[PDB]
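Engineer: just dropping in an experimental structure and the matching sequence.
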Amino acid sequence: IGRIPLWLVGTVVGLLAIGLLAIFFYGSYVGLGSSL
Amino acid sequence: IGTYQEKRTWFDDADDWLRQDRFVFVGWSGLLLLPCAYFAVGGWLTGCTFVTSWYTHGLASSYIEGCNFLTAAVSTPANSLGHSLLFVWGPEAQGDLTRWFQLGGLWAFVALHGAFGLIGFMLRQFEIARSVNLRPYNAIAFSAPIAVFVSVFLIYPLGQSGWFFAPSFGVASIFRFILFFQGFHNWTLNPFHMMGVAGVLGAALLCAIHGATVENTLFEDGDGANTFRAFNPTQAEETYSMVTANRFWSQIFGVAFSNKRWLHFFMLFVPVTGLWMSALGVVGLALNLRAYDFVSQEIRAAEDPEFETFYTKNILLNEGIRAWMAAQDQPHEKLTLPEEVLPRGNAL
Amino acid sequence: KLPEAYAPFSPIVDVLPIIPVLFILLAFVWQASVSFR
Amino acid sequence: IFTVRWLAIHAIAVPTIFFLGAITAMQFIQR
Amino acid sequence: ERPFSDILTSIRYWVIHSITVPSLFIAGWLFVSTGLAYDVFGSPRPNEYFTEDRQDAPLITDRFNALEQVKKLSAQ
Amino acid sequence: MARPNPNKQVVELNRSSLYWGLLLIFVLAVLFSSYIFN
Amino acid sequence: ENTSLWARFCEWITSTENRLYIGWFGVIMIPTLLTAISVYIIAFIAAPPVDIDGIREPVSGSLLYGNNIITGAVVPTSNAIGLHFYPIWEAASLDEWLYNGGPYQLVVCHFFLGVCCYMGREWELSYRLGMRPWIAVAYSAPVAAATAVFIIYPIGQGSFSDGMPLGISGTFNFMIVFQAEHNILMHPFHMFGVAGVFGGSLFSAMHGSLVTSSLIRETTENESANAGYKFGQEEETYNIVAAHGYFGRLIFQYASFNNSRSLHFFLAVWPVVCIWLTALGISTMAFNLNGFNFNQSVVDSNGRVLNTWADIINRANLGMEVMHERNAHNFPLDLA
Amino acid sequence: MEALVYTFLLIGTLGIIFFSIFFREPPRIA
Amino acid sequence: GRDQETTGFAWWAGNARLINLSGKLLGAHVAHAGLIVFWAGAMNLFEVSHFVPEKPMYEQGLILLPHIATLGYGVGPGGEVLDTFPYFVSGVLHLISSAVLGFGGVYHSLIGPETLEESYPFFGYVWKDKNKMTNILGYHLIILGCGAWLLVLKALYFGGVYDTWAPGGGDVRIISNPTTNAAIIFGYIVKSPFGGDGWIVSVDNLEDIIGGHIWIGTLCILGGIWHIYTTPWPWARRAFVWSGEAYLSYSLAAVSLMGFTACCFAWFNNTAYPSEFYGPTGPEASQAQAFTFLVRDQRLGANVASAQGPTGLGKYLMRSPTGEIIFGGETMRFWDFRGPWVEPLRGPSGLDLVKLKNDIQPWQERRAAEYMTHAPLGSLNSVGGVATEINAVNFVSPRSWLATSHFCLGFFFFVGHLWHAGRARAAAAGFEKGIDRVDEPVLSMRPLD
Ligand code: CLA
Ligand code: CLA
Ligand code: CLA
Ligand code: CLA
Ligand code: CLA
Ligand SMILES: CC1=C(/C=C/C(C)=C/C=C/C(C)=C/C=C/C=C(C)/C=C/C=C(C)/C=C/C2=C(C)CCCC2(C)C)C(C)(C)CCC1
Ligand SMILES: CC1=C(/C=C/C(C)=C/C=C/C(C)=C/C=C/C=C(C)/C=C/C=C(C)/C=C/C2=C(C)CCCC2(C)C)C(C)(C)CCC1
Ligand SMILES: CC1=C(/C=C/C(C)=C/C=C/C(C)=C/C=C/C=C(C)/C=C/C=C(C)/C=C/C2=C(C)CCCC2(C)C)C(C)(C)CCC1
Ligand SMILES: CC1=C(/C=C/C(C)=C/C=C/C(C)=C/C=C/C=C(C)/C=C/C=C(C)/C=C/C2=C(C)CCCC2(C)C)C(C)(C)CCC1
Ligand SMILES: CC1=C(/C=C/C(C)=C\C=C\C(C)=C\C=C\C=C(C)\C=C\C=C(C)\C=C\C2=C(C)CCCC2(C)C)C(C)(C)CCC1
Ligand SMILES: CCCCCCCCCCCCC/C=C/[C@H](O)[C@H](N)CO
Ligand code: OEX
Ligand SMILES: [Cl-]
Ligand SMILES: [Cl-]
Ligand SMILES: [Fe+2]
Ligand code: NA
């Protein structure tokens, strides 16, 4: 019951969301759908 | 009910189980809304990720191909299929989900389930407004998005040669559909479309200006520079000065609102009338009833080279759109137009 | 490119512009830490 | 538990994470 | 009640979901890496768009024979 | 009910609604006249 | 004691007791807007043909020259002029001035001044009324968009001929040419603008239908519902709590607007910030930043190019390209 | 013949605008 | 810091809480200065990390290296790079100075004194103290004058600056005899912003640049001494609002005009933004297209004065609306362009016909070819050309990036000036919170509005 801080959890999930979006923007320059 | 005995039944038990406060209100309409809406949204997210468009249009519209958000789509099926319902059990697919996906049945799935999800949502608006005992103006307002959806994704493809000419569900596919309506239909010149444009831009004006006027004519209730903490849930006085707002807009614009109820009814009325007019115009376009031409100006421009207007420039641009987009957008016509006959200006 | 002595430090230089964006996001993390006090 | 909130949040989270793994997988697919 | 403040901040929730969230992520990864997406969803692989028979966009051009025609036109 | 009609109602149109009606009809004219003349 | 002529004029200009507030912003607005209105009406009715493209192909534009309401337009300034500031006293004759698109430049300069001073006058009336001042900030969005289509796009493109024609069909022409060159549909700022006006209609119908859903009974079925509201009344006319509970159990109980203050703030901020972003979309495409370019993005293992929906957009874009300014081009690449 | 009609309709809309600005029902505080 | 109950400003306005907290305000400012110096150092080192010796600096998405090279560091005749060590030194000095400024900002933000009034009366100030407000303004004006004179010193004795107008493709030249004529200096200021005049963006020679900098440096130092030794006059006191948020609003309007001016400088000026380092301007690329299509068709044995277009105007050469000969085509709209590759071919009648036929130069011809092939046309993907072109070239001009970004920033800062001007006026008036509900002004005014 609240043994991990909610802001710490939110910061970590925001980090995973930002890393996921950075991966998605990275993969548009390589591989399929990359104009090369 | 109503000073009668009326012994309880399975209907009454189910109704009492459905109409109660939950995290999400389910209700009777949720028997339709929740599965149909989940299937429409999930089917769109499935088609934008895996389901191909290589066989229905000869394009690429999925993330597995390499398309991003702006470019992926759930594509309308081939013109050869016409207005087939594309049932997975139907004749075209014959029960087989895999080749059902690539034949375009997913568009029919998303369209039919989205229509029934929209019906379920409006029934949910009716039901919730009944349970809370409020007037159903939210459902009356939602009547206009369903009117647009049925006229655009159902009436227009039913009027044209088939589902192929419906909008495919996806950002770049919607843009194709929009430029298609420009080139083939001259949908900019249509009075019903420009009524829709006036309604939407006026509704945005009303939204922005009601928000700014309310947020700039507040009463104090202060002892704090954050105004957002000056609002309590249950009281009986106006939070912003109606008379000051009316005075301000009377001296700025010349006319101003003085009835809150008519102000909010106007905020309700403008987008609904705009979207209904756009729906009626798209229904006209379903039968190729275009406002493409002005007969007097066209005959004047044919009998005078010196007559040149922006409308005639638009007509030329529309010829350019049609002739440069037909070959790659309509594979069913087998239009192999040579580079020779395409319209073209000097240089470029 | 960078001078030869700083060639092994090129990958650490390649990240350096994003620090201000991390600074504004760090301001938001700090506000979440003080619970939007 | 197994509430309406549970089922309604799982229907929109479980395929979402599966799909996010799916797009992240194809995001590194070469040609 | 659990008003979404003690349930996402609970180690009981977090231990059980430290396996289901990334197990789902790995399952979604394998669904795309093993070609099962290509198989079940009808999308052709990046090296299988044009066969020896045709070198252009395929056309359905039929309705009740559409199933076997897209069978014969696709990459098996 | 009685010999006279019990549902006797008065209609109202304030000057504001007169202004909306006149703007609406004249705007329909300005919009649609180019198309009716064609 | 207040007997001097300037102070009497000052108290007349700054007076709230006027039917229309003038103020010191209105003393710049009113002549400029009246000049622009006069020239716009006169030009729309009786303007002779205007050589917009600079290639001696004058475009009629006016009603007396055979246009209707939809087709009539105050034609942009000549491409030969560019941005060279063409007023009446620069032209040898009114005939030359009307040929080279002078009324458009006059209307554009006066209208930009008029809208800037309109936003200032909105602030100044809010100041003299004891109001809070940010309605001008909200009006800065359509002002920014008008300046983006009347000033910034001509400046970035080198010619006032690039401005939006003051008309209906001219506006449509401006859009077709704009998408041809820049692909505005594939721009995030324009996507934000479309989301802004779609959400503006969304939230206008939403808030209007929630307020109309929660109206309080004072009237009968004989009387229109607005007759239950009295101007200047202190009590609130609708049940905010009932509407809020409705919306919460409709979508999400926590994710509703419990403050009517914050709700109206959201209503103001959403289309204003989105119209700001799309006005900068036009402003950045003035300096050739354009929309996204996703042509030949997907290729197969053997290098063949798959057509895509973006490639269908590209095909329509080419059709919009080559036909626009069909005679004005002499060279392949359209850098000018 | 058409420019006559268009001009009349435009000045009619402007006249209704003028009458609506300067000849509205005066709102009352009560 | 504080919470909302002790300040009344929420977290989304938390900086407002330190309006009256002079020490924390100073720390936030110097920490921000550390951020600016940090981005300059980080981006500069990143740019020299991503620098290729062959390709010019406009092909590689560089926006700081062209600034340093315009100053005349590491470049020679024509604009080729001789060394990147000056750029590396600039980046490193910026990074380390940012570390020092960030230490200071963190110090005053976390443990610095709350207010500087009770102990350091030189630094502590109240916002309504017009004397000390002008004193701080004078200190910063002296600093600005010193910076302008640093540029003057760099142009006069510290290697000179890069001139694109010097013969042979331009080079780094030492400025001798700058134009100190007041008429030439202020005729730019009084000039119209429109075509043919361009306001101050049409400064087209380094002598005018450095003379204007001499004038701005001397006037800035003079204004600094004047402000330190005077107090604002009663007419200024009546004309102005004297709160900190009002001073912020004034600064916002000023830097918004500065951002719009920088947008136009990047898009149009080619002497302060040499085309070798920043790429061609829009007018430059259009005139380059017409120029190289003139010379190609000359070398293919054709006449240029003849061969009118489809419109009967002249495909290669026409006359501008004032009379002098200009390049044919839609590039006539860019007839106002002046570049170092057209002036040796341009005489009294505009483009000289015999000079344009005979006196072509190889470096001018190559420069025109490249200014065609690298036009400021591109997408957000950094795909070069018009929006209908292929995905084959990876190029968007630094002029395009600078002009677009700084127009966006200038616009939002004008809007921020509106927000702060309104709120500062309302806070001085007592309106920042709302209408008083019992002393409402409209209720004391007659009806009929
Ligand atoms: C340019 C960005 C910037 C800067 C310089 C500041 C600066 C400041 N803010 Mg602030 N803020 C910002 C953005 C910024 N803010 C944004 C975007 C928001 C919205 C989320 C806020 C919302 C906000 C609120 C609500 C409050 C402040 C407050 C403050 C002041 C004290 C903060 C404090 O000491 O608490 C303690 C902070 C910490 C203990 C964490 C900081 C740890 C370090 C400094 C982070 C950076 C580490 C750095 C890399 C180390 C460099 C060392 C060097 C040697 C290289 C301070 C001067 C407070 C105030 O007004 O004072 C009364 C206040 O309550 N801010
Ligand atoms: C403000 C001035 C400015 C300018 C003119 C440039 C210009 C440029 N940069 Mg640069 N940069 C800047 C600031 C600037 N940058 C800052 C502050 C940082 C620190 C984060 C960086 C870090 C950086 C890196 C690491 C790189 C560049 C690169 C580049 C080049 C390619 C740009 C590109 O394709 O990116 C893409 C264009 C965009 C992403 C558009 C930006 C989107 C806007 C700003 C935000 C969206 C607005 C939003 C919708 C509104 C909502 C408001 C709010 C709610 C958020 C280009 C010349 C690249 C390069 O060439 O290296 C040499 C490179 O990799 N920049
Ligand atoms: C996201 C934030 C951001 C970012 C990343 C940038 C980035 C940039 N801006 Mg900027 N700017 C911003 C926000 C931003 N801006 C905002 C919000 C505004 C207000 C609207 C402005 C207004 C602005 C203007 C007016 C200008 C820029 C300019 C620039 C560019 C060069 C900066 C420069 O050198 O200035 C200068 C640095 C200083 C003044 C600090 C002092 C430096 C000293 C005086 C220089 C000493 C040199 C000396 C001669 C060396 C010799 C040594 C000795 C031998 C004498 C740069 C890429 C310039 C530009 O390129 O125009 C496009 C420019 O003129 N910006
Ligand atoms: C960033 C620099 C800066 C700042 C913020 C200030 C700020 C201030 N100065 Mg100032 N000043 C400066 C630099 C600066 N000065 C410099 C460099 C000089 C040397 C020339 C002066 C010389 C000076 C004097 C002599 C006086 C001030 C005064 C003032 C105060 C009132 C000014 C006013 O009423 O508004 C603005 C003024 C006007 C609008 C009327 C001036 C008429 C025109 C606009 C002046 C420029 C003419 C030119 C054609 C304008 C077109 C240029 C434009 C297109 C870019 C004010 C606090 C007054 C004061 O209070 O003394 C203490 C005063 O007497 N200053
Ligand atoms: C150097 C200029 C400057 C300075 C010093 C200030 C200072 C201040 N402003 Mg302010 N403002 C400015 C410019 C400035 N503003 C601009 C340019 C705008 C845009 C119109 C605003 C709009 C604004 C509003 C609406 C408000 C303030 C407020 C405030 C006060 C509290 C700020 C705060 O902590 O909020 C907290 C900071 C955050 C929550 C972070 C904001 C995150 C943004 C949305 C992300 C944007 C990043 C993105 C990359 C931008 C791209 C756009 C473009 C470059 C493409 C403070 C004294 C508040 C106030 O009035 O208090 C008295 C307030 O209500 N400002
Ligand atoms: C086919 C079909 C079906 C159906 C199915 C379904 C219904 C499902 C699903 C599904 C789903 C349901 C899916 C999904 C997905 C999702 C996703 C993929 C997501 C996402 C998102 C993103 C990616 C983003 C994020 C973010 C970030 C991170 C940043 C900021 C914010 C945002 C949000 C933007 C069946 C079998 C029955 C049968 C018939 C047919
Ligand atoms: C590494 C390296 C190097 C080296 C370098 C060096 C050795 C340097 C440095 C550095 C430094 C050394 C930096 C700095 C910083 C500083 C600063 C940043 C400052 C400051 C100051 C201030 C800020 C002031 C303030 C004030 C006061 C306090 C008093 C009164 C007022 C005033 C405001 C004036 C080189 C490049 C060679 C090479 C490569 C590597
Ligand atoms: C207070 C506060 C805050 C903050 C602010 C700021 C803004 C800060 C800062 C700061 C800063 C501004 C920092 C900076 C820094 C720097 C550093 C730390 C450095 C360094 C150095 C090094 C070590 C380098 C090295 C190198 C070289 C020499 C070159 C080559 C390469 C390399 C990189 C290796 C916030 C917002 C969060 C919240 C509120 C409060
Ligand atoms: C470096 C250079 C140069 C030089 C420059 C200069 C020398 C500048 C300056 C300048 C100046 C010397 C400026 C001035 C200014 C000012 C302004 C811009 C202002 C203002 C303000 C206002 C707008 C006002 C307002 C008002 C009024 C009206 C009254 C009441 C009060 C008030 C405040 C409200 C040149 C270009 C040659 C070349 C390039 C480089
Ligand atoms: C918004 C928000 C949030 C959050 C999110 C996130 C996830 C954030 C983040 C963030 C981050 C992620 C941060 C970070 C940071 C960091 C920083 C800011 C830093 C720094 C520093 C510096 C300055 C550096 C330096 C250096 C150099 C220069 C070189 C080498 C060495 C060194 C590294 C030392 C949440 C959901 C909770 C809630 C809602 C709201
Ligand atoms: C910008 C023009 C000024 C040129 C010379 C600047 C140097 C410093 C000039 C300041 C002159 C001091 C004026 C003194 C005013 C007195 O303090 C007041 N009359 C009160 O005694
Ligand atoms: O005007 Mn209308 O379209 Ca914009 O690009 Mn250049 O200019 Mn003209 O050509 Mn392409
Ligand atoms: Cl055209
Ligand atoms: Cl051309
Ligand atoms: Fe309301
Ligand atoms: Na052409």
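Structural biologist: Happy to help now that I have it. Numbering: from 1, shown residues only, chains lettered A, B, ... in the order given. Ligands and ions are numbered 1, 2, ... in the order given.

Engineer: only C-alpha atoms for contact and neighbour calcs from this point on.
Structural biologist: Will do.

Engineer: with ligand 10 in mind, check whether stretch A:9-27 reaches it.
Structural biologist: Yes: shown here: stretch A:9-27 in contact with ligand 10 (C-alpha under 6 Å from any ligand atom) through A:10-12, A:14-15.

Engineer: among these, which lie within helices?
Structural biologist: A:10-12, A:14-15 (DSSP state H).

Engineer: got a quick PyMOL command for the buried subset of the residues of stretch A:9-27 next to ligand 10?
Structural biologist: Written as a PyMOL command, the selection of buried residues from the residues of stretch A:9-27 next to ligand 10, which uses 16 or more other C-alpha atoms under 10 Å in any protein chain shown, is:
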select buried, chain A and resi 11
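
Engineer: take the residues of stretch A:9-27 next to ligand 10 and write them to JSON lines, including distance to ligand 2.
Structural biologist: As requested, the residues of stretch A:9-27 next to ligand 10 are exported to JSON lines (distance: C-alpha to the nearest ligand atom, whole Å):
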{"residue": "A:10", "distance to ligand 2": "19"}
{"residue": "A:11", "distance to ligand 2": "18"}
{"residue": "A:12", "distance to ligand 2": "20"}
{"residue": "A:14", "distance to ligand 2": "15"}
{"residue": "A:15", "distance to ligand 2": "17"}
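
Engineer: out of the residues of stretch A:9-27 next to ligand 10, which one sits closest to ligand 8?
Structural biologist: residue A:11 (14.5 Å; C-alpha to the nearest ligand atom).

Engineer: which ones are touching that closest one?
Structural biologist: residue C:29 (C-alpha atoms under 8 Å, 6 or more residues apart in numbering or on different chains).

Engineer: for it, give its distance to residue C:30.
Structural biologist: Counting by C-alpha to C-alpha, to the nearest Å, the separation of residue A:11 from residue C:30 is 10 Å.

Engineer: next: residue I:255.
Structural biologist: 30 Å.

Engineer: try residue G:237
Structural biologist: Residue G:237 is 42 Å from residue C:30, by C-alpha to C-alpha.

Engineer: what do you get for residue B:48?
Structural biologist: From residue B:48 over to residue C:30 (counting by C-alpha to C-alpha), the distance is 38 Å.

Engineer: with residue I:105 instead?
Structural biologist: 16 Å.

Engineer: cool, residue F:35 as well?
Structural biologist: Taking C-alpha to C-alpha, one finds residue F:35 at 62 Å from residue C:30.

Engineer: of these two, who's got more company?
Structural biologist: Shown here are residue F:35 and residue C:30; by other C-alpha atoms under 10 Å in any protein chain shown, residue F:35 has more neighbours (19 against 13).

Engineer: can you classify the residue of chain F found nearest ligand 9 by secondary structure?
Structural biologist: Residue of chain F nearest ligand 9, by C-alpha to the nearest ligand atom: residue F:16 (39.7 Å). Classification of residue F:16 by DSSP: H, G, I helix; E, B strand; the rest coil places it in helix.

Engineer: pull the number of nearby residues for the residue lying closest to residue G:91 once chain neighbours are set aside.
Structural biologist: Once flanking residues are discounted, residue G:91 sits nearest to residue G:97: 5.4 Å by C-alpha to C-alpha, 6 or more residues apart in numbering or on different chains. Per other C-alpha under 10 Å, the neighbour tally for residue G:97 reads 19.

Engineer: which residues touch residue G:97?
Structural biologist: G:87-88, G:91, G:103.

Engineer: spell out which residues of chain E are next to chain G.
Structural biologist: Contact residues (C-alpha under 8 Å from any C-alpha of the partner chain) of chain E with chain G: E:46-47, E:49.

Engineer: out of these, which sit inside strands?
Structural biologist: Members of the residues of chain E next to chain G lying in strands (criterion: DSSP state E): none.

Engineer: ok, which of these also contact ligand 8?
Structural biologist: Filtering the residues of chain E next to chain G for proximity to ligand 8 by C-alpha under 6 Å from any ligand atom leaves nothing.

Engineer: how about the helices in the chain?
Structural biologist: You didn't pick a chain, so chain A it is. Using DSSP H, the helices found in chain A span residues A:6-26.

Engineer: think we crossed wires, I meant chain I
Structural biologist: With DSSP H as the criterion, chain I has helices at I:22-49, I:65-71, I:85-110, I:130-156, I:182-190, I:206-228, I:234-239, I:244-268, I:275-278, I:282-299, I:353-358, I:362-373, I:398-429.

Engineer: alpha carbons of the second one, as PDB, please.
Structural biologist: So the one you mean is helix I:65-71. What follows is helix I:65-71 as a C-alpha-only set of coordinates in PDB (Å, rounded to 0.1, in the frame of the first residue of the first chain):
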ATOM      1  CA  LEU I  65      29.900  26.800 -37.300                       C
ATOM      2  CA  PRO I  66      28.700  29.300 -40.000                       C
ATOM      3  CA  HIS I  67      28.500  32.000 -37.300                       C
ATOM      4  CA  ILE I  68      32.100  31.300 -36.200                       C
ATOM      5  CA  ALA I  69      33.300  31.200 -39.800                       C
ATOM      6  CA  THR I  70      31.500  34.400 -40.500                       C
ATOM      7  CA  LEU I  71      33.600  35.900 -37.700                       C
END
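
Engineer: nearest to ligand 10: which residue in chain B?
Structural biologist: Across chain B, the shortest distance to ligand 10 (C-alpha to the nearest ligand atom) belongs to residue B:228, at 19.4 Å.

Engineer: ok, now which ones touch that residue?
Structural biologist: By C-alpha under 8 Å, 6+ apart, the neighbours of residue B:228 are G:259, G:261-262.

Engineer: rerun at 7 Å
Structural biologist: Going by C-alpha atoms under 7 Å, 6 or more residues apart in numbering or on different chains, residue B:228 touches G:261-262.

Engineer: how near is it to residue I:434?
Structural biologist: From residue B:228 across to residue I:434, the span is 11 Å (C-alpha to C-alpha).

Engineer: what does residue G:226 give?
Structural biologist: Where residue I:434 is concerned, residue G:226 sits at a distance of 27 Å (C-alpha to C-alpha).

Engineer: more neighbours: those two, which one.
Structural biologist: Per other C-alpha under 10 Å, whichever of residue G:226 and residue I:434 has more neighbours is residue I:434, with 26 against 19.

Engineer: not counting residues beside it along the chain, what's closest to the more buried one?
Structural biologist: Looking at residue I:434 with C-alpha to C-alpha, 6+ apart, the closest residue is residue B:220, at 4.2 Å.

Engineer: what about that neighbour, distance to residue I:432?
Structural biologist: Counting by C-alpha to C-alpha, the gap from residue B:220 to residue I:432 is 9 Å.

Engineer: residue I:173 and residue I:308, how far apart?
Structural biologist: In terms of C-alpha to C-alpha, residue I:173 sits 42 Å off from residue I:308.

Engineer: state the distance from the nearest residue to residue I:91 once chain neighbours are set aside to residue I:93.
Structural biologist: Nearest non-adjacent residue to residue I:91, counting by C-alpha to C-alpha, 6+ apart: residue I:41, 4.0 Å away. Distance, residue I:41 to residue I:93, using C-alpha to C-alpha: 7 Å.

Engineer: between those two, who's got more neighbours?
Structural biologist: Between residue I:41 and residue I:93, counted using other C-alpha under 10 Å, residue I:41 has the larger neighbour count: 28 against 16.

Engineer: who touches that one in this structure?
Structural biologist: For residue I:41, the contact set (C-alpha under 7 Å, 6+ apart) comprises I:91-92, I:94-95.

Engineer: one more pass at 10 Å, please.
Structural biologist: C:13, C:16-17, I:35, I:47, I:64, I:87-98 (C-alpha atoms under 10 Å, 6 or more residues apart in numbering or on different chains).

Engineer: repeat that for residue B:343.
Structural biologist: B:316-317, B:319-324, G:319, G:322-323.
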